[PDB]
Chemist: 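I'd like to ask some things about the structure below.
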2 protein chains.
Amino acid sequence: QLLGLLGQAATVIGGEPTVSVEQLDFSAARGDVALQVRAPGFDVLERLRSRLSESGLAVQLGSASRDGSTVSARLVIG
Amino acid sequence: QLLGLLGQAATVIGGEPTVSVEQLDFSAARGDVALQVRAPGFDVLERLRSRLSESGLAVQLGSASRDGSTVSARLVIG
């Protein structure tokens, strides 16, 4: 079902213009979608996780850290 | 400017239910989306390429080979 999931996540992440997707990958073997994202701050990552989850997606937000103007984290979408 | 790219590709690929996405990776450094797909036959991969291109996506279909019941190839979008 990692086809509606992709499209839905992409639409939700597009509703957060300050979020950038640096890398993204899925494998059938692993079973989920992993995204490396950057955002101006942690509140934006939390909101994005909230929006993905609200849309019905299983989402995990990895540990975030700040470097300069942005924070970065790994998102896992079921 | 590729969240819609991925979202659009997911919709087009979803219109080909016999195609399976085994792996998918994107990288901003690379600048495109690579997909490892399988399908029952080459005609399905060619139809999928045609549909992605028809939808307005830049698409390249790598060399395909058969193993057992399926063929496999690499798709590059963007």
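Below, each value reflects all heavy atoms present in this structure, side chains not excepted, and no hydrogens, waters or symmetry copies. Naming convention: chains lettered A, B, ... in sequence-line order (proteins, then strands); numbering from 1 in each chain.
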Chemist: A side-chain contact here means heavy atoms from C-beta on lying under 4.5 Å apart; do A:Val76 and A:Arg74 qualify?
Modeler: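 Touching, per the 4.5 Å side-chain cut-off.
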Chemist: If we only count heavy atoms from C-beta on, is the B:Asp25 to A:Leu24 side-chain gap below 4.5 Å?
Modeler: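 Not touching, per the 4.5 Å side-chain cut-off.
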Chemist: Test your reading of the model: is there a side-chain donor-acceptor pair from B:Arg66 to the backbone of B:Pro40, 3.5 Å cut-off?
Modeler: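 Yes, B:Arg66 side chain to B:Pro40 backbone: donor-acceptor pair under 3.5 Å.
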Chemist: Under 4.5 Å between any side-chain heavy atoms of B:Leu75 and B:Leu48, yes or no?
Modeler: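 Yes, side chains in contact.
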Chemist: Taking B:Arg47 for the side chain and B:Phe42 for the main chain, is one N or O donor matched with an acceptor at less than 3.5 Å?
Modeler: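 Checked: no pair found.
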Chemist: Would you confirm whether A:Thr11, through its side chain, and A:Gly7, through its main-chain N or O, come within 3.5 Å as a donor-acceptor pair?
Modeler: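 At least one qualifying donor-acceptor pair exists.
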Chemist: Write down the atom of A:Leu6, the atom of B:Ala10, and the distance for their closest heavy-atom approach.
Modeler: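 That closest heavy-atom pairing would be CB-CB, 4.1 Å.
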Chemist: Identify the two heavy atoms, one from B:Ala64 and one from B:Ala73, that lie closest to each other, and give their separation to 0.1 Å.
Modeler: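 Looking at all heavy atoms of both residues, the closest pair is CB-CB, 3.8 Å.
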Chemist: Can B:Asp67 and B:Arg38 be counted as an ion pair, charged N to O under 4.0 angstrom?
Modeler: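 Here B:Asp67 does not pair with B:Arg38 in a salt bridge, since their nearest N and O are not under 4.0 Å apart.
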Chemist: Do side-chain atoms of B:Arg30 reach the backbone of B:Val33 as a donor and acceptor pair under 3.5 angstrom?
Modeler: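 No.
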Chemist: In Å, rounded to the nearest 0.5 Å, how long is the span from CD of A:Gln36 to OG of B:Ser27?
Modeler: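 Between A:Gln36 CD and B:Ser27 OG, I get 10.5 Å after rounding to 0.5 Å.
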Chemist: I'd like a table of donor-acceptor pairs (distance under 3.5 Å, sequence neighbours excluded) in which one partner is a side-chain atom from residues 52-62 of chain B, with atom names and distances.
Modeler:
from, atom 1, to, atom 2, distance (Å)
B:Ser55, OG, B:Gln8, NE2, 3.1
B:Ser55, OG, B:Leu52, O, 2.7

Chemist: Going by side-chain contact (heavy atoms from CB on, under 4.5 Å), A:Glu16 matches just one of A:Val37, A:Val44, A:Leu45. Which one?
Modeler: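 Of the listed options, the one satisfying the test is A:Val44.
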Chemist: Verify whether one side chain among B:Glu22 and B:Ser20 offers a donor that lies under 3.5 Å from an acceptor in the other.
Modeler: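 Looking only at side-chain atoms, B:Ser20 and B:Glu22 do form a donor-acceptor pair, the distance falling under 3.5 Å.
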Chemist: Restricting to non-hydrogen atoms, name the atom on B:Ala9 and the atom on B:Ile77 that form the minimum distance, rounded to 0.1 Å.
Modeler: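 For B:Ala9 versus B:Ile77, the nearest heavy atoms are CB-CD1, 3.7 Å.
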Chemist: How close do A:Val21 and B:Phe26 get, heavy atom to heavy atom, and via which atoms?
Modeler: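 For A:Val21 and B:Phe26, the tightest heavy-atom pair comes out as O-CE2, 3.4 Å.
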Chemist: Looking only at heavy atoms, what is the nearest atom pair of B:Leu5 and B:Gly78, with distance?
Modeler: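 Of all heavy-atom pairs spanning B:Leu5 and B:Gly78, the closest is CD1-CA, 3.6 Å.
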